[PDB]
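Notes for the one structure printed next.
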Amino acid sequence: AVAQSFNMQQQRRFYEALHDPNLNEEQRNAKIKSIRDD
């Protein structure tokens with residue numbers, strides 16, 4: 001969540017959001033394009 005190294009620090013978040021079939025591939029995609037874009 002707003003890390004100064006959002007690849008090394010932020011990785012588990014992206015994994016969790018990606019591995020979430022409940023969220024359809026648009027809302028799921030928005031989560032990905034938010035965890036980075038913050």
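In the structure tokens, chains take the letters A, B, ... in the order shown, each chain's residues start at 1, and ligands count up from 1 in the order shown.
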
Show which residues sit within 12 Å of residue 10 of chain A, as a ChimeraX atom specification. Count only C-alpha atoms, and ignore same-chain residues fewer than 3 positions away. /A:1-7,13-17,32,34-38

With N, CA and C atoms kept, could you save the residues just selected as a PDB file, in the first residue's frame?
```pdb
ATOM      1  N   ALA A   1       0.833  -1.216   0.000  1.00  0.00           N
ATOM      2  CA  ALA A   1       0.000   0.000   0.000  1.00  0.00           C
ATOM      3  C   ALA A   1       0.866   1.264   0.000  1.00  0.00           C
ATOM      4  N   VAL A   2       1.116   1.824  -1.191  1.00  0.00           N
ATOM      5  CA  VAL A   2       1.935   3.013  -1.414  1.00  0.00           C
ATOM      6  C   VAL A   2       3.353   2.797  -0.869  1.00  0.00           C
ATOM      7  N   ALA A   3       4.053   1.779  -1.382  1.00  0.00           N
ATOM      8  CA  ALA A   3       5.434   1.498  -1.011  1.00  0.00           C
ATOM      9  C   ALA A   3       6.386   2.222  -1.959  1.00  0.00           C
ATOM     10  N   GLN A   4       7.556   2.624  -1.446  1.00  0.00           N
ATOM     11  CA  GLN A   4       8.604   3.260  -2.238  1.00  0.00           C
ATOM     12  C   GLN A   4       9.410   2.251  -3.077  1.00  0.00           C
ATOM     13  N   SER A   5       8.972   0.984  -3.135  1.00  0.00           N
ATOM     14  CA  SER A   5       9.527  -0.051  -3.994  1.00  0.00           C
ATOM     15  C   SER A   5       8.439  -1.099  -4.236  1.00  0.00           C
ATOM     16  N   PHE A   6       7.422  -0.735  -5.031  1.00  0.00           N
ATOM     17  CA  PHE A   6       6.184  -1.490  -5.228  1.00  0.00           C
ATOM     18  C   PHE A   6       6.325  -2.729  -6.130  1.00  0.00           C
ATOM     19  N   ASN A   7       7.490  -3.373  -6.096  1.00  0.00           N
ATOM     20  CA  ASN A   7       7.787  -4.618  -6.793  1.00  0.00           C
ATOM     21  C   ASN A   7       8.412  -5.592  -5.797  1.00  0.00           C
ATOM     22  N   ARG A  13       0.366  -8.757  -2.553  1.00  0.00           N
ATOM     23  CA  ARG A  13      -0.902  -8.089  -2.814  1.00  0.00           C
ATOM     24  C   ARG A  13      -1.380  -8.395  -4.234  1.00  0.00           C
ATOM     25  N   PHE A  14      -0.485  -8.227  -5.216  1.00  0.00           N
ATOM     26  CA  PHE A  14      -0.767  -8.524  -6.613  1.00  0.00           C
ATOM     27  C   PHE A  14      -1.128  -9.996  -6.797  1.00  0.00           C
ATOM     28  N   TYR A  15      -0.352 -10.904  -6.189  1.00  0.00           N
ATOM     29  CA  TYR A  15      -0.643 -12.333  -6.204  1.00  0.00           C
ATOM     30  C   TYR A  15      -2.053 -12.603  -5.680  1.00  0.00           C
ATOM     31  N   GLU A  16      -2.418 -12.016  -4.535  1.00  0.00           N
ATOM     32  CA  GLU A  16      -3.706 -12.256  -3.904  1.00  0.00           C
ATOM     33  C   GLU A  16      -4.845 -11.770  -4.805  1.00  0.00           C
ATOM     34  N   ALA A  17      -4.712 -10.554  -5.348  1.00  0.00           N
ATOM     35  CA  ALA A  17      -5.689  -9.951  -6.245  1.00  0.00           C
ATOM     36  C   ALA A  17      -5.841 -10.751  -7.542  1.00  0.00           C
ATOM     37  N   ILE A  32      -5.446  -4.824  -9.535  1.00  0.00           N
ATOM     38  CA  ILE A  32      -4.057  -4.846  -9.987  1.00  0.00           C
ATOM     39  C   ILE A  32      -3.606  -3.430 -10.358  1.00  0.00           C
ATOM     40  N   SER A  34      -4.153  -0.551  -9.382  1.00  0.00           N
ATOM     41  CA  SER A  34      -4.492   0.264  -8.224  1.00  0.00           C
ATOM     42  C   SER A  34      -3.464  -0.012  -7.130  1.00  0.00           C
ATOM     43  N   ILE A  35      -3.197  -1.294  -6.849  1.00  0.00           N
ATOM     44  CA  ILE A  35      -2.114  -1.713  -5.967  1.00  0.00           C
ATOM     45  C   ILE A  35      -0.795  -1.108  -6.467  1.00  0.00           C
ATOM     46  N   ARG A  36      -0.548  -1.139  -7.786  1.00  0.00           N
ATOM     47  CA  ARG A  36       0.581  -0.428  -8.385  1.00  0.00           C
ATOM     48  C   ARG A  36       0.337   1.082  -8.418  1.00  0.00           C
ATOM     49  N   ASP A  37      -0.836   1.496  -8.912  1.00  0.00           N
ATOM     50  CA  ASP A  37      -1.177   2.891  -9.139  1.00  0.00           C
ATOM     51  C   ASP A  37      -1.754   3.504  -7.861  1.00  0.00           C
ATOM     52  N   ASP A  38      -0.873   3.818  -6.902  1.00  0.00           N
ATOM     53  CA  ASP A  38      -1.227   4.419  -5.622  1.00  0.00           C
ATOM     54  C   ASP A  38      -0.059   5.232  -5.057  1.00  0.00           C
TER      55      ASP A  38
END
```

Quick one: pick out all helix (DSSP H, G or I) residues within chain A from a backbone DSSP run and write them as a PDB file with C-alpha atoms, in the first residue's frame.
```pdb
ATOM      1  CA  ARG A  12       1.897 -10.663  -2.270  1.00  0.00           C
ATOM      2  CA  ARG A  13      -0.902  -8.089  -2.814  1.00  0.00           C
ATOM      3  CA  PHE A  14      -0.767  -8.524  -6.613  1.00  0.00           C
ATOM      4  CA  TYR A  15      -0.643 -12.333  -6.204  1.00  0.00           C
ATOM      5  CA  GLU A  16      -3.706 -12.256  -3.904  1.00  0.00           C
ATOM      6  CA  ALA A  17      -5.689  -9.951  -6.245  1.00  0.00           C
ATOM      7  CA  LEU A  18      -4.738 -12.054  -9.316  1.00  0.00           C
ATOM      8  CA  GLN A  27     -12.733  -5.645 -11.135  1.00  0.00           C
ATOM      9  CA  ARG A  28      -9.801  -8.032 -10.511  1.00  0.00           C
ATOM     10  CA  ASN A  29      -7.877  -6.066 -13.175  1.00  0.00           C
ATOM     11  CA  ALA A  30      -8.837  -2.755 -11.488  1.00  0.00           C
ATOM     12  CA  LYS A  31      -7.357  -4.051  -8.183  1.00  0.00           C
ATOM     13  CA  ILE A  32      -4.057  -4.846  -9.987  1.00  0.00           C
ATOM     14  CA  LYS A  33      -4.147  -1.390 -11.673  1.00  0.00           C
ATOM     15  CA  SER A  34      -4.492   0.264  -8.224  1.00  0.00           C
ATOM     16  CA  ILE A  35      -2.114  -1.713  -5.967  1.00  0.00           C
TER      17      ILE A  35
END
```
